[PDB]
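K.L.:
My structure is below; once you've seen it, I'll send some questions.
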Amino acid sequence: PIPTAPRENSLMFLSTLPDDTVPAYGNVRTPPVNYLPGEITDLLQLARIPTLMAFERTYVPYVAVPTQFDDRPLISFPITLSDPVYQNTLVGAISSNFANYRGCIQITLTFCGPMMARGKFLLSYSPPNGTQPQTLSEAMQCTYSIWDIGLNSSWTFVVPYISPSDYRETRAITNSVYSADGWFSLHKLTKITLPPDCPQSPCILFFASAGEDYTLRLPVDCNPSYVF
Amino acid sequence: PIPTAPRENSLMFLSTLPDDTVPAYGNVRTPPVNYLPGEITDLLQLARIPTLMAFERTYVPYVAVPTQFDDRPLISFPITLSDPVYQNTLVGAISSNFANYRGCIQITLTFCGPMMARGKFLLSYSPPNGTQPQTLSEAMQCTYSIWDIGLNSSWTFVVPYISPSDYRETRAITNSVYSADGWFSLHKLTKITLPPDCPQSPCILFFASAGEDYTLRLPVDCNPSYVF
Amino acid sequence: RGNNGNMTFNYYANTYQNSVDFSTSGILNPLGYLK
Amino acid sequence: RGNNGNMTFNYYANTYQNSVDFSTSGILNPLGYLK
Amino acid sequence: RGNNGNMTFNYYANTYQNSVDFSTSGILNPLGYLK
Amino acid sequence: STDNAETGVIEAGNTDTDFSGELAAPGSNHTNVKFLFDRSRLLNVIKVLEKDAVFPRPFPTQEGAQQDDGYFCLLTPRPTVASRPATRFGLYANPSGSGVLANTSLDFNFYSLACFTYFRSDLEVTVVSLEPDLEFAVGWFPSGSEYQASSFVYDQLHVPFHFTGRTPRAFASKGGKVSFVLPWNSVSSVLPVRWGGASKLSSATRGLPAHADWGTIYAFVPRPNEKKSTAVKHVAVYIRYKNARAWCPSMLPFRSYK
Amino acid sequence: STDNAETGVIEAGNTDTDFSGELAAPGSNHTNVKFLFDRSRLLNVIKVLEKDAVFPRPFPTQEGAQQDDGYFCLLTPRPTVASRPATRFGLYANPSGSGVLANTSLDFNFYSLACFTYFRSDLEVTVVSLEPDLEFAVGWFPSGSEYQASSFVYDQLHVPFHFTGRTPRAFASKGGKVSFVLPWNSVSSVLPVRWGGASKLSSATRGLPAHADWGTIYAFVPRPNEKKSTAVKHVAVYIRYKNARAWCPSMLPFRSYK
Amino acid sequence: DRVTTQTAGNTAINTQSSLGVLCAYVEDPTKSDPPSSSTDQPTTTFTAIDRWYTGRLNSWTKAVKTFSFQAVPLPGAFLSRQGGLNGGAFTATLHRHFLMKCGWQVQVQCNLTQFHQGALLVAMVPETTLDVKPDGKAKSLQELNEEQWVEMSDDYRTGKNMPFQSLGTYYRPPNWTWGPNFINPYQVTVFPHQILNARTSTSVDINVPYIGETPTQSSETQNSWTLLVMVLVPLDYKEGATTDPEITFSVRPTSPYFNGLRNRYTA
């Protein structure tokens, strides 16, 4: 016989052991699945699909644009994938099942107003400051991009990955005070000049997709509070 | 010594383990069995042999043909290998010891009447409908085959394998309501025109063999109620 | 290969360990094509 | 080969594990021939 | 190599046993140079 | 970058698309479906058999049925009830009274990452005891078979018929565990995570797949029925999805905002 | 397809023979005789010896015979009675009284698939204890030998003669099992499942093969006769037919319609 | 560039604001092989079922809220005749074949003007029971024509109200909280979708292949796809404009493979 000295972790069931086990009922030829189209190779094929966000108005995927001028962001939400505008996005509901992420969140908009609605919108991205930026003269200095409304009707602002670490946390557990990776903020630059007999308050429909370099790491136990 | 870490299923007696065990009393030269003819290589050499069915008349392998015309199938039984016309066939009593099957049941008939008995018979196979077909105008539309009586005296209707799955269940456990794979039904097409001084009610002797593509899978525990 | 680090040695065969499909007769492609 | 998945290694020999017959001097053929 | 005397055989691979750094793109040298 | 999202296809862009920047490195491959589902998790906590049980009768079960519940673990991520496949998952908020509290199960870790419709994998079942020094065993019967429910008198001991069979009856050691990997046995090509067709076993319940399972396990005690103990002992079923494949992307569950 | 079934040979046809269709694929090879019989099953439940027993005397046994019954497992699929080969299998419907209830055995899983007459295989005997913490052992003696029934006084302890011998006396560990594979030892070339000849050992009983067995095992306790315990402990004999070969197709048992 | 006429058989449909055919999961979803679970010769396509079957769908008022969907079962609409979607030679072939294996190709027309706002989310949703009432019964046309747009409650977001087997009087009836045939309304854009906006298009174009748990499914039971029209932005217009724009849809089965011929389905 071969003299073996078994280790200290003998007879330990480990749930994530990278190995097989004894087959019980083998030699089973399964019916073929060559007919099925669209196999998911990898779940980052699905974070890249833009899904609808939700906004505290009663949760609405679009931002209403009120016609009254005021110098503050029209919608403003932090770039943190535990924020409750990301709970029902495939960017957020896949990444909340993980522990880290790396890459660029891609915020796609869609102006669902009338075709005759001309206007301009100053998207932004502040990095985490001590104070959330509010003035249009304060999102001018951050990472902004002006979006004109015209023939096309979508703009994909790519939130950059500016971080002091190669993998940011995917959940604002403790602390990030309201400031983890900063804030997206859609300012309106010029008021939407509607012709007569057109609806006031058009609606900017927001999406949230992942970048072509958005990558996830470290699975964790999920939140089973969807079933309650 | 070789440091081995034994798994969690150590010292487990498993009844169907695909492996050998320690020999106790080896080096025994058994007497040779080269003289014995007819070795069973495989038990599908025996499902293919047609064996007699049995019919609720008191269980009779043949169908009496009454001379009175009526528009219904003369015998009718479902194509399900737990049906009690298959209990004492090698198609049924081998396959009830298994869990799945695949292929074509082959129903061989034999007209055991007189030689002077001319007649025609419309065999059929309905796939599972909501209602069992009864009219000769309803087995005309299913998979039928007209059998004339002549010099030869046997017809082998091959029940096809029409199924939404590659291996059908071999036992109508739950549910299949009376409709698992449909119904064989021997209709009579023209009445049997006998010459004078010949016996009324000739007898169609039924067999049930397996096809050349009938294949079985997944052994299960048997029914030990043959010994009681 | 999945979550399998035992790169060297498979004791049981392929058809016993896994369950291969019976015959009949990275590069992340998109799940929807605009044509 | 039967219900034997240990394809690689037979520790005990043939005449100890099995029991071979001593000498004297798939393809499913039918069990009955019409001649 | 550290305090590792198992010279012969590594069962688990490199990236499972250790943790290799991901790429981006004896002789005791002194820790301070007078220049 | 100027786009049209009404088209339905949006090319996933980087920072360099709008701005001056560069692509980040590839992080890891922990989103790989064959890697992400290949880890064990608690499925159901079934009571250990002590006699030759009656399998639960099909729905609707009426009162006076002397059947044995809470005993069989229908091995499936989909919602089950009373060891039978269900469509809704229902727990008991206030379980006072009243009848038989039906054993339900759901794979909580699966549906939070089952963003697809069809799923095929092998299954690696580990049955951890929830009792000190329990010497138990683990049965199994495939998707489509049924429980063999009787006994045979072996030397004036009512040994049940679930001690034998052509299916794996793995016997655990005293204080040990039972671990084995089950192939994809069901007659469907894939297990539907979400199903919309009708099974015609009964009055046709929409959305109920009849053969979306790897089978059904049950723990028993290797003693005859005369040695039946008193306190009901439990066991815990951990499953792992070996060699996972998944098709047809779909939705994740609704996280409520309250 | 027009045939004559009085010929006795019918060519097994497909759907394409009568109709328009095609051959289905080959499903599997689970009907292979070397594969289908190669799995363990419960054979007999014998009581564990505690002293040097008297082997059961040959039939007809008369009253006043102080022999020891229910102890020896004649390893055979055929019906046995009182550790001796029988022709009929008989259980006890109403066992009240009256004499000695004879231990009968039958391989229930064999005869439901023994659609043949002759059967040769090796035998893999696993002797599972039906008692907690039982430290037992397993004897054997081949087809044609007899039990060595006496004791020898080893240091004022009546150690029996079934602790030693040229045949395997496998000793189990405490709470363990005994598993070993026995070759085809009997003097017949094959074991007759159905036999019609006469054995001339007695007034010649028709249909009783005298040497259709792999031998006879018996469980004992490795203590001398002074340490004989009180409660009679059982054990359970699981056998597997390694390297099965089967000849001459025959009938399966009659499933009654009631 | 945007004027695409899609001729099929004898029914050619036109669209002068076409965004492009959203071919789903593959390059060409028309290409498909016969089912491997039928040894009989399948009934392939023929020139009376290769056409654009068109029926109406309910109007879209201002009273329709966000996420109020409207579901078309495919092939459930050919059999119940939802919206006047009469199959003709397809339904008269679908009733007589037991298994049916096809891939769909839909197009939803709703022509807004340049002075209206709003956006539909037309999406071929796989494997949902959105057409079935929670009590098990499938919806009839008298029942569809009273709610007009099935609003997104929390019973649909959680899947609380999907059809179920009643446990009986033996088991205590459990408090149902969840079922996998929910809708997450914020994630319907993972499906093969286009947005029917009021300022980019009048018609959307989706092309999906056959998917299913089996290599072919039954004819009278399947709901493998579901043409889901969901309101993401409510319709708004100043008064005087054309109130209640119509919604139609045009469905074409791409390469069906019927199997198991029998008489016409009588439940």
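Taken together, the values in this text are just the output of simple stated rules run on the coordinates, not laboratory data. As a convention, Cβ positions derive from the backbone with ideal geometry for all residues, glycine included, and neighbour counts pool all protein chains shown.
K.L.:
Could you list B:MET116, A:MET53 so that the one with the fewest beta carbons within 10 Å of its beta carbon is first and the one with the most is last?
P.N.:
Working: B:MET116 11, A:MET53 28.
Arranged by neighbour count, lowest to highest, B:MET116, A:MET53 become B:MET116, A:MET53.
K.L.:
Once amide H atoms are built 1.01 Å from N in the peptide plane, which residues 5 or more positions from H:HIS193, or in another chain, come under 5 Å H to H?
P.N.:
Amide H neighbours of H:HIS193, under 5 Å, 5+ apart: none.
K.L.:
Using the crude model of +1 on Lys and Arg Cβ and -1 on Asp and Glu Cβ, and no other charge, please compute the dipole size for chain A relative to its Cα centre, in debye to 20.
P.N.:
Values: 13 positive and 18 negative charges, 77 e Å.
Dipole about the Cα centre, nearest 20: 380 debye.
K.L.:
Calculate the length of the line joining the C-alpha centroid of region G:173-197 to that of region G:112-150, in whole Å.
P.N.:
A separation of 6 Å, based on Cα centres.
K.L.:
I'd like the antiparallel share, as a percent to the nearest 5, of DSSP beta bridges with both residues in region F:128-210. Could you put the intermediate results ahead of the total?
P.N.:
Details: 7 of 8 bridges.
Percentage antiparallel, nearest 5: 90.
K.L.:
When the helix-only estimate is applied to chain H (DSSP H runs of n ≥ 4, each -39,500 (n - 2.57), divided by the residue count), what is the mean residue ellipticity at 222 nm, nearest 500 deg cm²/dmol?
P.N.:
It lands at -1500 deg cm²/dmol.
K.L.:
Provide the packing ranking of G:45-52, B:154-161, i.e. peptides ordered by the mean count of other C-beta atoms within 10 Å per residue, highest first. Numbers along the way, then the final one.
P.N.:
Numbers: G:45-52: 21.4, B:154-161: 24.2.
Top of the packing list down: B:154-161, G:45-52.
K.L.:
While we're here: On average, how many beta carbons from a partner chain sit within 10 Å of the beta carbon of a residue in G:246-254?
P.N.:
Values: counts 5, 6, 6, 10, 2, 4, 12, 8, 4.
Average neighbour count from other chains, rounded to a whole number: 6.
K.L.:
With a ≥ b ≥ c taken as the square roots of the eigenvalues of the C-alpha gyration tensor of region F:143-199, please select rounded if a/c is under 1.5 and otherwise prolate if a/b is larger than b/c or oblate if it is not? Don't jump to the answer; show the numbers that get you there.
P.N.:
Working: a/c = 3.49, a/b = 1.78, b/c = 1.97.
Cα axes put region F:143-199 in the oblate bin.
K.L.:
Among E:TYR12, B:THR174, B:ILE162, whose Cα sits farthest toward the positive end of the charge dipole of the protein assembly as shown (+1 at Cβ of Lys/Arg, -1 at Cβ of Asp/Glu, about the Cα centre)?
P.N.:
Projecting each Cα onto the dipole axis, the largest value belongs to B:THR174.
K.L.:
Can I ask one more? State whether chain F is rounded, prolate or oblate according to the following rule on the C-alpha gyration tensor (a ≥ b ≥ c being the square roots of its eigenvalues): a/c under 1.5 gives rounded; otherwise a/b larger than b/c gives prolate, and the remaining case gives oblate.
P.N.:
Working: a/c = 2.48, a/b = 1.95, b/c = 1.27.
Taking the square roots of the gyration eigenvalues as a ≥ b ≥ c, chain F is prolate.
K.L.:
Would you give the gap between the C-alpha center of region G:21-48 and the C-alpha center of region B:189-219, rounded to a whole Å?
P.N.:
Centre-to-centre distance over Cα atoms comes out at 31 Å.
K.L.:
Sticking with this structure for a sec: Taking the highest mean first, how do the peptides A:65-78, A:1-14, F:12-25, F:115-128 order by number of other beta carbon atoms within 10 angstrom per residue? Walk me through the numbers before you get to the answer.
P.N.:
Details: A:65-78: 14.2, A:1-14: 10.2, F:12-25: 16.3, F:115-128: 24.6.
Answer by packing, highest mean first, reads F:115-128, F:12-25, A:65-78, A:1-14.
K.L.:
Oh, and also: Assigning unit charges at the beta carbon (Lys, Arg +1; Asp, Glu -1) and nothing else, what dipole magnitude in debye, to the nearest 20, does chain G show about its Cα centre?
P.N.:
Values: 26 positive and 22 negative charges, 139 e Å.
Using only the charged Cβ atoms, the result is roughly 660 debye.
K.L.:
Take peptides B:209-218, B:132-141 and line them up by average Cβ neighbours within 10 Å, highest first, as a rough protection proxy. Don't skip to the end; give the middle numbers.
P.N.:
Details: B:209-218: 23.6, B:132-141: 16.7.
Ranked by mean Cβ neighbours within 10 Å, highest first: B:209-218, B:132-141.
K.L.:
Output ³J(HN,Hα) for region F:79-96: one whole-Hz value per residue in order, computed from phi by the Karplus curve 6.51 cos²θ - 1.76 cosθ + 1.60 with θ = phi - 60°, and x for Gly and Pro.
P.N.:
x, 10, 8, 6, 6, 9, x, 10, 10, 9, 9, x, 8, 10, 6, 10, x, 4
K.L.:
Here's a follow-up. Can you give the charge dipole size of the protein assembly as shown about its Cα centre, rounded to the nearest 20 debye, using +1 on the beta carbon of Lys and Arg and -1 on the beta carbon of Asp and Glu? Spell out each step's value before the answer.
P.N.:
Values: 104 positive and 105 negative charges, 444 e Å.
Around 2140 debye, computed over the protein assembly as shown.
K.L.:
Hey, can you grab everything whose amide H is under 5 Å from the amide H of A:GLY182? Only 5+ residues off in sequence or another chain; H modelled, so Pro and N-termini drop out.
P.N.:
HN-HN under 5 Å from A:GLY182: A:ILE79.
K.L.:
Ok, one more. What does the average come to when, for each residue of peptide A:129-135, you count the partner chain Cβ atoms lying within 10 Å of its Cβ?
P.N.:
On the way: counts 0, 0, 0, 0, 0, 0, 0.
Counting Cβ atoms of other protein chains within 10 Å of each residue's Cβ and averaging gives 0.
K.L.:
Tell me the mean residue ellipticity at 222 nm calculated for chain F from its helices only (DSSP H runs of n ≥ 4, each -39500 (n - 2.57), averaged over every residue, nearest 500). Write out the running numbers ahead of the final one.
P.N.:
Numbers: 3 runs with 12 residues, N = 258.
Helix-only estimate at 222 nm: -500 deg cm²/dmol.
K.L.:
Among F:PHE108, F:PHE254, F:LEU157, flag the residue with its Cα farthest along the positive direction of the charge dipole of chain F, charges on Cβ as +1 for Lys/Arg and -1 for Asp/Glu.
P.N.:
Of the options given, the answer is F:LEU157.
K.L.:
Using amide H atoms built 1.01 Å from N in the peptide plane, name the residues 5+ places from F:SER129, or on other chains, whose amide H lies under 5 Å from its own.
P.N.:
For F:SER129, whose amide H was placed from the backbone, the distant partners under 5 Å are F:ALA236.
K.L.:
Shifting gears a bit: Beyond a 29 Å Cα-Cα separation, which of these cross-linked pairs lie in this structure: C:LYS35/H:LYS160; G:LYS177/G:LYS200; G:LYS177/G:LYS228; F:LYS233/G:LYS228; B:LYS120/G:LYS258; F:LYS177/G:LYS51? Please list the in-between numbers first.
P.N.:
Values: C:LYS35/H:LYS160 38 Å; G:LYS177/G:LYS200 39 Å; G:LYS177/G:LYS228 21 Å; F:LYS233/G:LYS228 34 Å; B:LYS120/G:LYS258 35 Å; F:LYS177/G:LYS51 36 Å.
Cα-Cα > 29 Å for C:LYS35/H:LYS160; G:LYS177/G:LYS200; F:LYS233/G:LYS228; B:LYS120/G:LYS258; F:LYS177/G:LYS51; rest within.
K.L.:
For peptide B:79-89, how many partner chain Cβ atoms fall within 10 Å of a residue's Cβ, on average? Mind dumping the intermediate values first?
P.N.:
On the way: counts 0, 0, 0, 0, 0, 3, 1, 1, 5, 7, 1.
Across B:79-89, the average partner-chain Cβ count within 10 Å equals 2.
K.L.:
What list of ³J(HN,Hα) values in whole Hz, one per residue of region B:10-17 in order, does the Karplus curve 6.51 cos²θ - 1.76 cosθ + 1.60 (θ = phi - 60°) give from phi, with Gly and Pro shown as x?
P.N.:
Running phi through 6.51 cos²θ - 1.76 cosθ + 1.60 with θ = phi - 60° gives 6, 6, 9, 6, 10, 6, 10, 6 Hz.
K.L.:
Give me the one-decimal nm value for the distance between modelled label points at F:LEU23 and A:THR67, 7 Å along each residue's Cα-to-Cβ direction.
P.N.:
4.8
K.L.:
Between B:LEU52 and F:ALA204, what FRET efficiency follows from the Cβ-Cβ distance if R0 is 35 Å, with the result rounded to 0.05? Mind showing how you got there, number by number?
P.N.:
Working: r = 38 Å, r/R0 = 1.09.
FRET efficiency, B:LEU52 to F:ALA204: 0.40.
K.L.:
Here's a follow-up. Take B:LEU74 and A:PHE13, extend 7 Å from each Cα along the Cα→Cβ direction, and tell me the distance between the two endpoints in nm.
P.N.:
6.2
K.L.:
May I ask for the distance between the Cα centers of region H:166-230 and region B:1-69, given as a whole number of Å?
P.N.:
Measuring centre to centre over Cα atoms gives 47 Å.
K.L.:
Further, regarding this structure: When a footprinting reagent is the concern and you count Cβ atoms within 10 Å, what order do H:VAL208, G:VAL9 take, fewest first? Before the final figure, lay out the partial values.
P.N.:
On the way: H:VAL208 30, G:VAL9 15.
Ordered from fewest to most neighbouring Cβ atoms within 10 Å, H:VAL208, G:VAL9 come out as G:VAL9, H:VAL208.
K.L.:
Specify which residue in the list H:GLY20, H:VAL190, H:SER218 is farthest towards the positive end of the charge dipole of chain H, using unit charges on the beta carbon of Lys, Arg (+1) and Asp, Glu (-1), about the Cα centre.
P.N.:
H:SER218
K.L.:
For a footprinting-style exposure proxy, rank H:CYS102, B:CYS222, A:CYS222 by other Cβ within 10 Å, fewest first.
P.N.:
Values: H:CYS102 26, B:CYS222 22, A:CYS222 19.
Going from sparsest to densest Cβ surroundings: A:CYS222, B:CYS222, H:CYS102.
K.L.:
Let me ask something else. For every helix of n ≥ 4 consecutive DSSP H residues, a contribution of -39,500 (n - 2.57) applies; sum these over chain A, divide by its total residues, and give [θ] at 222 nm rounded to the nearest 500 deg cm²/dmol. Could you put the intermediate results ahead of the total?
P.N.:
Details: 2 runs with 10 residues, N = 228.
That comes out to -1000 deg cm²/dmol.
K.L.:
I'd like the Karplus ³J(HN,Hα) series for region G:195-202: coefficients 6.51, -1.76, 1.60, θ = phi - 60°, whole numbers in Hz, and an x wherever there's a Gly or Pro.
P.N.:
Values, residue by residue: 10, x, x, 10, 8, 9, 6, 10 Hz.
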